[PDB]
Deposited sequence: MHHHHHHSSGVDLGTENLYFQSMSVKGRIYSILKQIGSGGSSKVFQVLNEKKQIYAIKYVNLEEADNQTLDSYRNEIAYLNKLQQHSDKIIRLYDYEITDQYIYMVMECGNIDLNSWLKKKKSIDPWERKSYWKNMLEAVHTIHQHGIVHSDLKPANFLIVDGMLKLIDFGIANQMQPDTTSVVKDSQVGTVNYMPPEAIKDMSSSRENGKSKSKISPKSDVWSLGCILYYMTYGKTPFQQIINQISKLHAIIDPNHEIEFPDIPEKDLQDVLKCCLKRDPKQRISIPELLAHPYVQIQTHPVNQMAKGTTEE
């Protein structure tokens, strides 16, 4: 029976549907009993650089409302020295929770989801944004269509140190090799991570998921003598897409515009 205020509008909280550190997403009702998702971000421990990164992300979310329907709808927000409340569309489910529950994926739904992701990421690239942290958790299914939730500009978030909280989070399964060699990030970096998502939607695992030692996994990702397996499948076009996305040299790696003109995305059945 809890509520919150956003720009002098009262929302009733139904349940928590997400959490990242102390940040939370609530399923809510407005006065007209219409459903929304409110994303809460805590600014209390944020320094000026972190605060600016959140402001920048909101600015882009706002601007790109016009430029694409492959980006989550933002209806309203309140920003104060203590917090950010964002009133967003309540989607069916995030892609990661969907992939967890699904035994196998329909070839036509995989193809459609792939095209949505490419279009969403191509949009942010056209505005000079490289996400650099793409995985299934960054995409929302809305009426059988995928939308990007965030742009990856903000790198920090207050940890969860109170709820009955996990330090063992943050996979490197989708991380591209050029990011590790620099330790050179470009739009090609997002192609690799998207490649890893499609590879999971095809074979039921990410390319290096079997390597449980994180140091061994990072070595394998940059090791050209570590051959990524592409088992034979009926969809030879899909096989080809995955080999093009998962080239270790970013200069040899396929671009998103080329991917959007590939037979896999363009030719159906």
{"property": "Parts of the chain sequence, as deposited, that carry no C-alpha coordinates in this structure", "result": "1-19, 184, 204-214, 301-313"}
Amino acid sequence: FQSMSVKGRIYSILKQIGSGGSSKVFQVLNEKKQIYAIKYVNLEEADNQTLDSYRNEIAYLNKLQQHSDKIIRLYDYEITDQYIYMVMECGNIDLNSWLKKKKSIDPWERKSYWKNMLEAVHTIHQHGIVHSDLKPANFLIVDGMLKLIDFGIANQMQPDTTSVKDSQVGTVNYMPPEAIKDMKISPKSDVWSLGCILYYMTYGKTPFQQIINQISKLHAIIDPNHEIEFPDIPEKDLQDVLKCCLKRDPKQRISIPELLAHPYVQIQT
From here on, numbers count along this sequence of modelled residues.
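Superpose the two forms; the largest set of C-alphas matching within 1.5 Å is the rigid core.
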{"item": "Farther-lying stretch by C-alpha RMS in 8 other deposited structures of this protein (rigid core fit) among 40-48, 239-247", "value": "40-48"}
{"item": "Farther-lying stretch by C-alpha RMS in 8 other deposited structures of this protein, rigid core as reference, of 118-126 and 138-146", "value": "138-146"}
{"item": "Absent coordinates for residue 190 in a third or more of other compared entries", "value": "no"}
{"item": "Coordinates lacking for residue 165, a third or more of other entries", "value": "yes"}
{"item": "Mean temperature factor over C-alpha atoms, higher-scoring stretch between 200-208 and 64-72", "value": "64-72"}
{"item": "Mean Cα B-factor comparison, 133-141 or 95-103, giving the higher one as deposited", "value": "95-103"}
{"item": "Position of residue 83 among the chain's modelled residues by C-alpha B-factor, lowest, middle or highest third", "value": "highest"}
{"item": "Ranked C-alpha temperature factor of residue 165 among modelled chain residues, by third", "value": "highest"}
{"item": "Ranked against its chain, the third holding the CA B-factor of residue 111", "value": "middle"}
{"item": "Where the record places residue 152 (Cα B-factor, split into thirds across the chain)", "value": "lowest"}
{"item": "Record-listed C-alpha B factor of residue 184: chain third", "value": "highest"}
